[PDB]
Structure formats: structure tokens, C-alpha cells
Amino acid sequence: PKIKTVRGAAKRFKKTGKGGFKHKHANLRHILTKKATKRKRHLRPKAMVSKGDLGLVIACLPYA
Amino acid sequence: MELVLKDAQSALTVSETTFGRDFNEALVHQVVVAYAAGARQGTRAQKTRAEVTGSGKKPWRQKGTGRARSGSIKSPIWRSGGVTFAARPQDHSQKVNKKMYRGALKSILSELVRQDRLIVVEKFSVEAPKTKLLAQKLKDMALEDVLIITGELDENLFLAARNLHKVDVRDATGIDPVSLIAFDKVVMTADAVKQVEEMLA
Amino acid sequence: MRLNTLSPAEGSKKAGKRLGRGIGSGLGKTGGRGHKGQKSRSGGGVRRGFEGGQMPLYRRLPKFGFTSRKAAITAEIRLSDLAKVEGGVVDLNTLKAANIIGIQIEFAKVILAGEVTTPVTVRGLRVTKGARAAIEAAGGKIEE
Amino acid sequence: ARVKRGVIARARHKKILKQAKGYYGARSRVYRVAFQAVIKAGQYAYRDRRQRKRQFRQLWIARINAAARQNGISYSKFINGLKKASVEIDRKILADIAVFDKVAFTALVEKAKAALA
RNA sequence: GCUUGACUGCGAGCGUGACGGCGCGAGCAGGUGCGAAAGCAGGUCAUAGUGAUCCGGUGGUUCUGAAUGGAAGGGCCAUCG
RNA sequence: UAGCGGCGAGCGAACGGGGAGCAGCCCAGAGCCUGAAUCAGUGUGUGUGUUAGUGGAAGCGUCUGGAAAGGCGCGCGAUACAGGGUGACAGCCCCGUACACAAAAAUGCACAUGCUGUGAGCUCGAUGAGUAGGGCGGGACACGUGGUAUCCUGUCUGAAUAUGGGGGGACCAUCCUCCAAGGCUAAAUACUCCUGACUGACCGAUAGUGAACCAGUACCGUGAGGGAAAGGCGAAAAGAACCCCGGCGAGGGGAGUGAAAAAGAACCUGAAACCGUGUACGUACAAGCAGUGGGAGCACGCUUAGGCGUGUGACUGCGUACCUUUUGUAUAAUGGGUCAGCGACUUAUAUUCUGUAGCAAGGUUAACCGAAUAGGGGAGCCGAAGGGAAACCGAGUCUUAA
Ligand SMILES: [Mg+2]
Ligand SMILES: [Mg+2]
Ligand SMILES: [Mg+2]
Ligand SMILES: [Mg+2]
Ligand SMILES: [Mg+2]
Ligand SMILES: [Mg+2]
Ligand SMILES: [Mg+2]
Ligand SMILES: [Mg+2]
Ligand SMILES: [Mg+2]
Ligand SMILES: [Mg+2]
Ligand SMILES: [Mg+2]
Ligand SMILES: [Mg+2]
Ligand SMILES: [Mg+2]
Ligand SMILES: [Mg+2]
Ligand SMILES: [Mg+2]
Ligand SMILES: [Mg+2]
Ligand SMILES: [Mg+2]
Ligand SMILES: [Mg+2]
Ligand SMILES: [Mg+2]
Ligand SMILES: [Mg+2]
Ligand SMILES: [Mg+2]
Ligand SMILES: [Mg+2]
Ligand SMILES: [Mg+2]
Ligand SMILES: [Mg+2]
Ligand SMILES: [Mg+2]
Ligand SMILES: [Mg+2]
Ligand SMILES: [Mg+2]
Ligand SMILES: [Mg+2]
Ligand SMILES: [Mg+2]
Ligand SMILES: [Mg+2]
Ligand SMILES: [Mg+2]
Ligand SMILES: [Mg+2]
């Protein structure tokens with residue numbers, strides 16, 4: 001049978017050009033009043049998955 | 001390149017890419033191996049511990065008896081038990097790329113003309129379907145173990161070769177890699193080689 | 001060239017591992033599985049993404065975005081594909097006939113990829129400004 | 001392709017049992033015990049190829065010491081005398097001379113005593 | 001005393017974490033305060049005062065809208081439990 | 001994939017495309033024409049099967065041997081060198097095989113035809129109501145009630161009826177498309193208790209069916225049920241007349257048979273554990289994983305004065321099994337009485353990486369067709385472009401008023 005994608009991972013990681021994965025930052029859902037604007041601003045752009053975590057992501061997204 | 005006929009003593013022009021290329025042993029070996037795998041029937045099976053006839057009853061209680069613990073009389077450790085990895089009917093056929101198959105035939109055909117194992121004649125036939133005639137004809141050509149390839153499959157030539165062990169006839173479209181290697185000589189009519197070139201581009 | 005003289009290429013038929021076949025093999029008595037624990041057991045091992053109980057990476061990060069149904073019916077065409085078409089004039093139908101875009105494609109865009117050499121008439125397709133210059137440079141014509 | 005193990009298993013069990021000839025009891029009869037006995041015998045043989053070189057040198061030194069004291073000198077002063085006399089005869093030969101040729105050994109002691117004196 | 005820089009968009013370059021993250025930051029653009037001006041201000045002498053994701057709420061939104069025009073729903077931004 | 005999902009674990013379409021196969025009809029109704037197509041039943045004839053069958057080619061000499069089919073020599077057949085048997089391995093000894101034929105009788109399938117029933121065609125009408133829909137409770141749809149279309153209905157209700165109604169994923173408008181609440185329908189598909197033929201990089205008596213054998217038996221259980229062990233003399237029984245010991249025994253020794261009886265029915269081969277008889281050497285003042293290094297003596301084979309080999313091993317140095325598990329085991333921790341047989345990293349499908357081969361900005365087909373491993377089939381899949389949540393832009397794009 002085909003490998004099944006972890007659908008939860010597919011909704012959180014997008015494959016980039018050179019094979020990396022981009023993702024949205026955490027800590028930007030609620031409780032922002034107490035967060036400094038500088039901190040919230042640096043959480044808006046998408047970030048790349050770190051090298052230590054690529055093994056977990058690739059295993060969960062075999063068809064990405 | 002020219003393929004000199006054996007009787008008419010005239011040359012026959014053929015594509016150099018088909019009959020004059022190098023011998024790619026690694027390529028030919030894969031196609032020959034894949035052809036043998038395609039011949040496998042693969043009809044066999046054993047019984048796992050699930051298929052062995054018997055009861056699921058525990059042979060004796062878990063503790064107290066002083067024996068090694070057992071859970072099923074069908075265990076593969078036991079005599080008459082199942083096979084641990086019992087076989088199933090499988091399919092051993094491999095895939096061969098179209099270009100790798102055709103590329104291997106060219107390397108085989110070009111190797112045959114290099115070994116002088118390919119004989120080209122203008123025509124090859126017998127009057128009546130009698131193996132005595134065909135056996136006599138091959139003795140005249142000093143041939144005993146030979147694969148004969150013709151353009152149109154004649155019934156008389158087919159019947160006359162059926163009982164000859166080291167001889168078999170074949171249509172131009174019916175050639176296979178292992179047949180071209182298995183036989184000592186390969187006799188092709190001038191019509192067959194023409195049809196083979198169109199088959200191999 | 002005989003059936004008992006063909007040989008495979010050097011280094012093409014590496015032998016497989018056979019676990020638990022004595023000391024000399026280097027894989028005996030454990031099959032390279034270590035000593036104990038979950039991973040040494042038959043059928044043992046944790047599922048994908050499991051990190052021992054810590055909130056896994058694909059769960060501590062937020063979901064984002066949505067999937068566009070229009071992107072599935074949109075394709076991009078390279079300049080090098082304009083010569084594969086039949087007849088010169090390119091549109092949705094001629095690109096589909098040339099097996100260049102999918103049968104369900106409704107929107108197609110030509111981009112500056114590859115190179116075009118012959119005059120081509122693009123019709124009913126969006127064209128990037130870079131590809132528009134290259135098509136007109138080869139005597140082509142672009143019409144909406 | 002079922003493979004019966006009977007022929008090759010008996011061959012290698014006989015190979016072990018043949019090397020265990022002369023061992024006492026089950027050590028020359030049953031494979032489980034004979035196999036351990038053969039492995040242990042190989043370990044001892046490896047170890048004793050090194051010990052043999054120590055035991056023989058120890059024997060030569062003892063014989064040289066005896067023959068030297070028959071001539072009025074200890075092994076220590078005798079060896080030191082030979083090195084001061086630039087004689088490079090090893091202990092296997094000295095012990096051999098000490099047994100089979102007394103007069104040649106006495107000549108060596110005279111050579112050693114001269115280098116000391 | 002006068003004030004709202006407890007600004008918006010960014011950010012060279014570092015620090016610290018297995019990671020999720022956390023921290024420092026000159027300078028640039030827009031607009032502003034105080035000062036005659038040079039300048040200073042992106043909260044508080046510094047280091048504690050905190051909670052991922054999911055689900056859902058509220059406001060906004062030259063994004064999407066399952067025949068089409070809308071809408072619902074979704075996304076994005078701000079924010080709440 | 002789109003989606004569904006304590007948005008967890010997992011579940012998982014459709015549209016569309018390529019193929020196999022292809023078939024459409026009837027009632028809710030009268031009339032005219034009428035019994036006209038069609039199907040079924042029931043006969044008949046023709047054809048082709050099935051159920052017994054018939055014919056079916058071609059070799060001798062010599063050597064070894066118990067025996068020739070083997071060796072050697074010289075022939076012959078082949079639309080027959082599939083296979084089996086025959087005193088060892090047979091194209092030509094036998095049975096067959098290729099091929100050519102064969103049915104009184106029953107029967108399958110086709111056809112044709114008869115009989116019986118069946119009704120075609122045309123015009124004009126008609127157009128499935130406690131139903132659709134709805135409320136409530138459930139279920140089915142990939143879709144867990146969610147913004148939830150669609151389907152089913154236990155309960156309560158309840159239309160319109162072609163000027164009409166349904167659907168197009170909440171819903172409305174427009175447009176498109178179809179006509180529910182009556183039915184029938186071959187093929188492509190699934191399966192094998194069973195029959196025949198054939199095949200196998202399937203097993204070869206602890207294997208293969210539990211069962212190669214009088215096995216679902218013996219045996220076990222109140223019962224449901226459970227469930228074994230056990231194959232091989234030889235070519236041919238020619239299976240040992242007769243004699244002797246013995247209990248008119250068992251068993252054995254002769255004789256005889258046979259190529260072989262050390263093939264004698266407890267029968268091919270006959271391993272190991274285990275138990276004996278004989279010979280050589282050692283051993284009754286000697287302490288322990290029983291060996292190893294050194295080593296006398298004795299016995300024996302030699303060569304031969306070779307002073308070597310083999311067996312034994314007085315005496316002596318060193319030396320606390322193996323596996324497992326552990327920081328660590330002679331451990332008084334685990335496991336093993338021994339031998340023989342069996343007994344554990346596989347298979348399928350996806351995916352990634354490495355090697356290798358082909359082709360190369362291209363590569364490759366899947367199902368399927370196909371005297372089929374060929375060839376056809378390019379539906380598709382991957383790659384040559386990315387950025388963005390997305391519209392969109394595009395060698396750039398996003399971010400931002402920039
Ligand atoms: Mg938010
Ligand atoms: Mg079995
Ligand atoms: Mg093919
Ligand atoms: Mg481990
Ligand atoms: Mg273990
Ligand atoms: Mg451990
Ligand atoms: Mg296509
Ligand atoms: Mg030393
Ligand atoms: Mg400023
Ligand atoms: Mg001022
Ligand atoms: Mg403070
Ligand atoms: Mg719409
Ligand atoms: Mg007959
Ligand atoms: Mg005959
Ligand atoms: Mg709609
Ligand atoms: Mg229409
Ligand atoms: Mg059995
Ligand atoms: Mg046996
Ligand atoms: Mg059973
Ligand atoms: Mg059995
Ligand atoms: Mg008797
Ligand atoms: Mg026997
Ligand atoms: Mg004594
Ligand atoms: Mg000791
Ligand atoms: Mg312990
Ligand atoms: Mg350890
Ligand atoms: Mg302990
Ligand atoms: Mg110790
Ligand atoms: Mg112990
Ligand atoms: Mg003890
Ligand atoms: Mg204990
Ligand atoms: Mg024990």
C-alpha cells in the first residue's frame with residue numbers, strides 16, 4: 001500500500017525550492033497584549049525548519 | 001556494413017548501429033537474467049502457523065508444569081508446526097526498459113557477426129514437412145545446433161524441425177535474447193534480417 | 001558469448017545482509033538491534049513523528065494557509081514547449097493535444113524558461129513580460 | 001528451495017570431534033563438550049607459544065648459572081664479563097656448551113674473568 | 001515643566017538553546033514628543049510577573065467563493081478564551 | 001490528492017482520463033389494425049461436442065556385467081526425441097506420443113423447422129401521494145452535525161402535479177440539466193466441494209495435507225471437541241527343501257537360492273549418542289575446568305645405522321567450562337543429561353538513499369490488445385521554476401506606503 005501522509009504535518013509545512021520546509025512561528029495565536037510588538041513582529045514571517053528537525057518532517061511528509 | 005551471403009555470394013547492407021556496435025555485457029546480462037525470471041512459474045506455498053490444521057488450545061498451562069511455556073501446537077518451533085515465513089505464490093517477472101531490451105538485442109546481434117555465428121542465406125525451405133529432408137539439408141551446410149529465423153513462418157519448415165532437438169525455427173518477430181545466445185549458429189534469411197532491422201530501428 | 005560466460009557489472013549486485021548467522025558475519029546474535037528496549041523487539045519501534053511524549057514538531061506549530069482550487073487548473077508553459085505544438089498557433093486546445101498541459105487545465109501562462117526560435121502565435125494565454133519580449137524577438141505574435 | 005542441513009552439519013561436528021581425540025570422557029565424545037575443549041585448547045596453545053620462549057630461556061639461564069659456579073663465578077658476573085669482552089653468544093648456545101663441552105665453557109669463563117679483572 | 005517613542009514597517013550583526021524558542025541590536029523608511037541645539041525616546045537600573053497546538057469568539061481585509069452573480073465558510077491581519 | 005479527524009491515531013473520495021464489455025425495454029389505456037415481431041414450451045432435421053474406442057513409424061553386432069537400455073561399431077524412423085515401463089541410462093523392446101479415424105444409445109451446444117403459448121405496428125391519451133418536502137431521533141455517504149448539500153427512516157406532519165417538479169455541496173437569484181414516488185434486463189466481474197488435461201528454480205517421510213501406510217483411524221473427553229505414530233527385501237519370492245543344538249520352542253549353525261543373505265522378512269543405505277569384546281600404553285603416596293608447553297619410557301611402522309611417523313604419556317611450567325545478563329561472574333546468578341533431525345530478520349506494496357545499467361532536457365509507460373517475455377498502448381507519473389496563505393506575478397517573488 002502507498003505510504004500515508006501525516007495530514008496534520010501537511011497543514012503545517014510547505015516544501016521550499018532547495019528541499020527545505022517553511023513553517024509558521026509559534027506563540028502568535030493569543031496572549032499578544034503582554035507580548036512586545038518587536039517580539040510579535042519577528043514571529044510574523046515564515047521560518048525554515050532547523051537541521052535537527054528535518055528528519056522528523058521528511059518522515060511525516062513522504063510525498064511533499 | 002555488408003553481410004556476405006553464404007550461397008549467392010552477394011553482400012547485404014545493414015545498419016552499422018544494429019550489427020556493428022560494441023558488446024555491452026552488463027546490459028545483455030540484465031536482459032538475459034530478466035528473461036529467465038519471466039519464465040518462472042512461482043506456484044508454491046507453505047502453511048504458516050495460521051493455516052496449519054489444528055486447535056488454538058494452549059497445550060498446557062502457563063506456569064507450574066515445569067516445561068517450556070507453549071501457546072500453540074502450530075508454533076514453528078514445534079514438529080508439525082507452521083513455517084515461520086511460509087511462501088506464497090509470487091511473480092518473479094522483472095521490468096525491462098524498451099530501449100534496454102532493444103539495446104541488448106543489438107549488442108547480441110553485433111556480437112554474433114563478430115563470432116561468425118550468424119549465417120545469412122537468401123532463402124531456407126523444404127518441399128515436404130519431413131524431418132529427414134531438413135536433417136539432410138543442415139548436414140549439407142555443416143550445421144547441427146542452429147536457430148533458424150525466417151521472414152514468414154512456413155508450416156513445412158516448422159513441422160520438419162519439431163522433432164529435431166538441437167534445431168528450432170522462429171519467426172522474425174519471435175526472437176528472444178536467450179535463444180540468440182543458446183544456439184551455436186544462427187541462420188537468418190535475407191527477409192528476416194530486413195525485418196529485424198525495422199524492429200530494432 | 002555463452003549463457004555461462006555473461007557476468008554482471010562490477011559492483012551492481014551487492015549481497016544483502018543476513019542477520020543472526022554466527023559471530024564471523026558481524027551481525028550475529030542481535031542482528032544489529034542493540035540489546036533490549038522497544039526498538040530491539042519484533043515489530044518494535046515508535047510511529048512517525050513520535051518524540052517520546054514531548055509535543056511533536058507537527059503539533060506544536062500552527063496550521064496556516066488554505067488550498068486554492070484554482071491553482072489545480074492552472075499550468076505554466078516554458079518557451080521551449082512552444083515548438084512542440086502543432087501548427088504554430090498555440091492555445092489551450094493545441095497545448096493539450098501536444099500533451100504539454102493537463103486535460104483539466106483552464107488557465108495557462110508562458111514564462112521565460114528555455115528558448116523559442118520560430119515565430120509563434122500565442123492566443124488566449126497569459127504571458128510574462130520576459131516571455132513576451134522573447135516571443136516578439138523571434139517574430140512571434142501575442143493576442144489576447 | 002528447501003535445504004536439509006544433515007550433510008554439512010555432520011561434517012563440521014566431525015571436524016571438531018577429530019581435534020578432540022584423546023580428551024577424557026565426554027570431551028572426546030559429545031560435540032557440546034568437545035567444542036569447548038577444542039576452543040580452550042586453542043587458547044592455551046596460543047598462550048603457550050609465548051610461554052615456551054620464557055620457559056626455555058629460564059632453563060638455559062639456570063644451566064649456565066650451574067656451570068658458571070662450577071668455575072667460580074656467578075651468572076650475573078659471567079654475563080657481564082662476556083658483554084665487556086664483546087662476546088655475543090646467546091643463552092641457548094651457552095647452555096648447550098655447558099652440557100656437552102666442559103672445556104670450551106671453561107674457556108669462556110676465562111674470557112669473562114679477564115674482561116672483569 | 002511639557003508630553004505619549006508603552007510609535008508602525010524593517011533590520012546589518014550577534015548571544016543562547018536538541019528543538020519549539022528566548023534575548024540584544026546599530027541603522028533605514030514613515031510619522032511623533034521633548035530640547036535653543038548637539039541629541040534622546042521602539043516602555044520601566046537589569047535579571048521573575050508565565051502556557052505550545054487544536055477548537056472557538058470579536059474587528060478589519062484592492063485573498064478565496066464547488067455552474068454563474070452573491071452569500072456561507074475558509075485564509076490573511078489585529079485581538080480574546 | 002481534495003477533504004474528514006480528541007484536526008490526534010487514523011480514515012480517504014470525486015470530477016476527469018485510459019481500458020474490458022456493450023442492449024436496451026415494459027406497465028400505470030383505450031382504439032385501429034389484429035393476431036404480424038419476440039420469447040418460452042414442445043417436437044424434427046443438420047452440424048459440432050461429451051460419454052467406450054481403432055490404427056499408429058523405425059536396430060542389429062560386439063565389450064563389460066547377475067542383468068544392457070551403457071561402451072564401441074554400423075544402421076534406420078521422425079508432423080512421433082511428451083512421458084512411463086522394461087534385470088543399469090532405450091527415438092527404433094513394451095505402453096504410448098505426432099497424426100489419422102470411430103457411436104447402437106443417451107446428452108450438451110448450436111442452427112433450421114414444425115407445433116403450443118406468447119403477442120408486433122400505428123394513432124390518440126395517460127405520466128406512479130400519505131409520496132416529495134418538513135420537525136424530532138438515528139443511520140448511510142471519505143465527510144465524526146459541522147456553515148453541511150445528497151441518500152435511508154423510527155416518530156409527528158405534509159405539497160405541487162409539465163402553467164409542474166428534482167438537482168447543480170448551507171442559502172437565494174439566474175442559467176443549465178434531468179423527470180422521483182412501477183417494474184424487467186445478457187456481457188465484461190466473484191468463487192471451486194467436484195471432473196479432465198497439463199505445468200512447477202514446489203515438498204520428498206520430523207518435509208509435503210492431520211493423514212504417501214485400512215486416518216479423522218487408534219487414543220483422549222459426559223459432551224462439543226481434540227487427535228497421533230507408522231513408507232523402502234530382491235530384477236524376480238527364487239521368502240531359505242534338508243541336517244544339527246533347543247522345550248515337536250525362541251534363537252542359532254550349516255546347506256541351498258541369489259550379483260549380493262555383512263539383502264532373511266526386527267529386511268536399501270545404516271551416521272551419532274549409548275553399550276560391549278580384543279590389542280598397545282598408562283594407572284593403586286596421589287589433590288582441583290582434566291587441557292596446554294616441555295618430556296622420559298614403552299609399543300609399533302618405517303627407513304634403514306636416517307637419529308622419522310603413529311599410539312600411549314611417568315614427571316614438570318602455566319591454567320577456576322560455555323552461554324546469557326551485567327558496573328562486574330570460576331561464581332554458590334540464568335540456561336543446557338547426551339545425540340540426531342527441525343527451529344528465528346521473511347514476503348508484498350509504497351518511499352528515500354547508495355551502487356550499477358539504459359536513455360538524457362528528457363525519462364518511462366499502467367490497465368489492456370497481442371500464436372503474448374516481442375510489438376502496440378504515453379491514460380498518466382517524475383523532471384526541466386520559483387515565490388506567495390491566496391488572487392497573482394514569474395528568474396524572480398514575498399514582505400511593506402516603499
Ligand atoms: Mg490570530
Ligand atoms: Mg507442516
Ligand atoms: Mg512491453
Ligand atoms: Mg537500544
Ligand atoms: Mg538478549
Ligand atoms: Mg539496557
Ligand atoms: Mg497527457
Ligand atoms: Mg619475551
Ligand atoms: Mg524615527
Ligand atoms: Mg521644537
Ligand atoms: Mg527592577
Ligand atoms: Mg458560486
Ligand atoms: Mg491401439
Ligand atoms: Mg508403435
Ligand atoms: Mg452550487
Ligand atoms: Mg445542452
Ligand atoms: Mg507427515
Ligand atoms: Mg529417511
Ligand atoms: Mg493436526
Ligand atoms: Mg503429522
Ligand atoms: Mg528355526
Ligand atoms: Mg539395513
Ligand atoms: Mg605409584
Ligand atoms: Mg597450576
Ligand atoms: Mg543481575
Ligand atoms: Mg555492557
Ligand atoms: Mg547486580
Ligand atoms: Mg574472574
Ligand atoms: Mg552456574
Ligand atoms: Mg559448584
Ligand atoms: Mg536463583
Ligand atoms: Mg538446569
Side-chain angles (χ1 to χ4, degrees), chain A residues 1-4 7-8 11 17 26-27 29-33 37-38 41 45 50 52-53 58 62-63, chain B residues 24 26-27 30 34-35 38-45 53-55 57 76-77 79-80 84-85 87-88 90 93 96-97 99-101 103 129-132 159-160 162-165 173-176 199, chain C residues 8-14 18-20 31 47 55 57 59-70 76 78 80 99 103-104 109 111-114 128 130, chain D residues 1-2 5-6 10 13 23-24 26-27 29-32 36-37 40-41 44-45 47-49 51-52 55-56:
Chain A
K2 306 178 179 181
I3 304 186
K4 287 210 176 182
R7 303 317 307 276
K11 303 170 188 177
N27 300 321
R29 282 310 204 203
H30 59 170
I31 321 177
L32 317 130
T33 301
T37 300
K38 170 184 175 184
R41 181 173 64 250
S50 74
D53 317 332
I58 294 176
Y63 295 95
Chain B
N24 197 338
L27 174 60
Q30 177 175 348
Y35 192 89
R40 300 194 55 171
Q41 190 170 300
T43 48
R44 64 151 184 172
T53 298
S55 172
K57 164 75 176 179
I77 300 186
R79 174 184 177 274
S80 325
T84 320
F85 301 113
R88 290 290 181 264
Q90 48 187 158
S93 70
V96 189
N97 295 3
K99 297 179 181 177
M100 295 179 74
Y101 177 84
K130 302 237 65 179
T131 79
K132 185 206 303 297
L159 294 181
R162 211 164 63 183
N163 210 32
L164 292 182
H165 155 236
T173 66
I175 73 174
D176 50 297
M199 180 176 337
Chain C
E10 192 38 281
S12 61
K13 296 283 291 243
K14 175 182 220 43
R18 297 183 64 220
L19 307 182
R47 66 166 182 265
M55 189 58 54
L57 182 63
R59 299 247 282 108
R60 69 175 104 113
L61 296 177
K63 303 188 299 184
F64 69 94
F66 74 104
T67 300
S68 161
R69 309 192 69 256
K70 182 179 290 184
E76 42 175 70
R78 303 173 157 75
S80 57
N99 205 22
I103 192 58
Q104 300 246 73
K109 200 165 185 180
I111 69 176
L112 185 66
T128 71
Chain D
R2 184 166 182 265
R5 306 145 46 187
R10 169 165 49 244
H13 275 196
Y23 295 173
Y24 169 75
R27 306 174 110 254
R29 291 172 176 81
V30 310
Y31 174 80
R32 286 175 186 254
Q36 300 180 190
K40 195 54 161 292
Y44 282 149
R47 178 207 68 185
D48 289 3
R49 279 194 296 273
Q51 283 192 349
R52 186 204 295 121
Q55 294 182 3
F56 269 108

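So you know, we letter chains A, B, ... as the sequences are listed, proteins then strands, and number each from 1.
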Determine whether any donor atom in the side chain of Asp53(A) lies under 3.5 Å from an acceptor atom in the base of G20(E), or the reverse, and answer yes or no.
-> no
Compare side-chain N and O positions of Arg47(C) against OP1 and OP2 of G8(F) and report whether any pair is under 4.0 Å apart.
-> no
Given a cut-off of 3.5 Å on both distances, is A98(F) paired to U217(F) by Watson-Crick or G-U wobble rules?
-> no
Report yes or no: do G24(F) and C184(F) constitute a Watson-Crick or wobble pair with both atom distances shorter than 3.5 Å?
-> yes
Under the convention that a positive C1'-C2'-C3'-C4' torsion is north and a negative one south, the sugar ring of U373(F) is south
So which protein nitrogen or oxygen atoms get under 3.5 Å of nucleotides 347-350 of chain F's nitrogens or oxygens?
from    : atom 1 : to       : atom 2 : distance (Å)
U347(F) : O3'    : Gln90(B) : NE2    : 3.4
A348(F) : OP1    : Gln90(B) : NE2    : 3.1
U349(F) : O2'    : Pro1(A)  : N      : 3.1
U349(F) : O2     : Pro1(A)  : N      : 3.2
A350(F) : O2'    : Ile3(A)  : N      : 3.0
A350(F) : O2'    : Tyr63(A) : OH     : 2.7

Using nucleotides 73-77 of chain E, report all nitrogen or oxygen pairs with the protein that are shorter than 3.5 Å.
from   : atom 1 : to       : atom 2 : distance (Å)
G75(E) : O3'    : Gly65(C) : N      : 3.2
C76(E) : OP1    : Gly65(C) : N      : 3.0

No-H, no-angle donor-acceptor pair, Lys38(A) side chain to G11(E) base, under 3.5 Å | no
With the side chain defined as heavy atoms from C-beta on, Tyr44(D) is closest, among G319(F), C4(F), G358(F), to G319(F)
Identify whether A159(F) and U303(F) are a Watson-Crick or G-U wobble pair (both distances under 3.5 Å).
-> no
Take atom NE2 of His30(A) and atom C1' of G51(E), then tell me their distance rounded to the nearest Å.
-> 7 Å
So, is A102(F) syn or anti if syn means the angle is within 90° of 0?
-> anti
With sugar-phosphate meaning primed atoms plus P, OP1 and OP2, does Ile58(A) contact a base, only sugar-phosphate, or nothing at under 4.0 Å between heavy atoms?
-> nothing
For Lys11(A), report the nucleic acid contact type (base, sugar-phosphate, nothing); a contact means any heavy atom under 4.0 Å.
-> base
N/O to N/O distances under 3.5 Å, protein versus nucleotides 143-146 of chain F:
none

How does protein reach along nucleotides 374-384 of chain F, written 5' to 3' as B (base within reach of a heavy atom under 4.0 Å), S (only sugar-phosphate), or - (no contact)?
-> SS-BBSS---B
Side chain to side chain contact (heavy atoms under 4.5 Å, CB included) filter on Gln36(D), not counting sequence neighbours, yields none
Report yes if the base rings of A229(F) and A230(F) sit with centres under 5.5 Å apart and an interplanar angle under 30°; otherwise report no.
-> yes
For atom P, what is the distance between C275(F) and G258(F), given to the nearest Å?
-> 44 Å
Where protein sits on nucleotides 196-205 of chain F, one letter per nucleotide: B base, S sugar-phosphate only, - none, heavy atoms under 4.0 Å = ---BBBSSSS
Touch class at under 4.0 angstrom, heavy-atom based, for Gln51(D) against every strand present | base
Checking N1-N3 plus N6-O4 or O6-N4 for Watson-Crick, or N1-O2 and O6-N3 for wobble, each under 3.5 Å, the partner of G9(E) is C28(E)
Between the protein and nucleotides 393-396 of chain F, list every N/O to N/O distance that falls short of 3.5 Å.
from    : atom 1 : to        : atom 2 : distance (Å)
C393(F) : OP2    : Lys109(C) : NZ     : 2.9
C393(F) : OP2    : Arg126(C) : NH2    : 3.0
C393(F) : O5'    : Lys109(C) : NZ     : 2.7
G394(F) : OP1    : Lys129(C) : N      : 3.2
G394(F) : OP2    : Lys109(C) : NZ     : 3.0
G394(F) : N7     : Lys109(C) : NZ     : 3.2
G394(F) : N1     : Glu76(C)  : OE1    : 2.9
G394(F) : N2     : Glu76(C)  : OE1    : 2.9
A395(F) : OP2    : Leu112(C) : N      : 3.0
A395(F) : OP2    : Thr128(C) : OG1    : 2.8

To the nearest Å, how far apart are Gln36(D) CD and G336(F) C1'?
-> 10 Å
Tell me the partner of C171(F), counting only Watson-Crick (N1-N3 plus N6-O4 or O6-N4) or G-U wobble (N1-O2 and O6-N3) with both under 3.5 Å; none if nothing fits.
-> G70(E)
Using a heavy-atom cut-off of under 4.0 Å over every strand shown, decide if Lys4(A) touches base, sugar-phosphate, or nothing.
-> base
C1'-based separation of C220(F) from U209(F) [nearest Å] | 23 Å
For adjacent nucleotides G10(F) and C11(F), indicate whether their bases are stacked under the rule of ring centres within 5.5 Å (strictly under) and plane angle under 30°.
-> yes
Give me the bend of the helix from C39(F)-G117(F) to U51(F)-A105(F), using the axes of the five pairs at each end, rounded to 10°.
-> 10°
Give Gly52(A) one of three labels, base, sugar-phosphate or nothing, depending on what nucleic acid heavy atoms sit under 4.0 Å from its own.
-> nothing
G70(E) and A71(E) stacked at 5.5 Å and 30° limits = yes
Contact class for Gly103(B) vs. all strands (heavy atom < 4.0 Å): base, sugar-phosphate, or nothing?
-> nothing
For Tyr31(D), enumerate each residue passing the ring pair (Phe, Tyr, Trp, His ring centres under 6.0 Å) test, keeping only those at least two apart in sequence or located in another chain.
-> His13(D), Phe35(D)
State, as yes or no, whether the six-membered rings of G158(F) and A159(F) are stacked by the criterion of centre distance under 5.5 Å and planes under 30 degrees.
-> no
Can you name the side chain to side chain contact (heavy atoms under 4.5 Å, CB included) partners of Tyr101(B), sequence neighbours left out?
-> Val31(B), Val96(B), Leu105(B), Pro177(B)
Less than 3.5 Å between a donor and an acceptor, one on the side chain of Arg41(A) and one on the base of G11(E), is that the case here?
-> yes
Scan nucleotides 222-230 of chain F nucleotide by nucleotide, 5' to 3', and note B when protein non-hydrogen atoms come under 4.0 Å of the base, S if they reach only the sugar-phosphate, - if neither.
-> ----SS-SS
Sequence neighbours excluded, the answer for salt bridge (charged side-chain N to carboxylate O under 4.0 Å, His left out) partners of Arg60(C) is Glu51(C)
Paired, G55(F) vs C99(F), Watson-Crick or G-U, distances below 3.5 Å = yes
Rounded to the nearest Å, what distance is computed from the NZ atom of residue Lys130(B) to the P atom of nucleotide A98(F)?
-> 17 Å
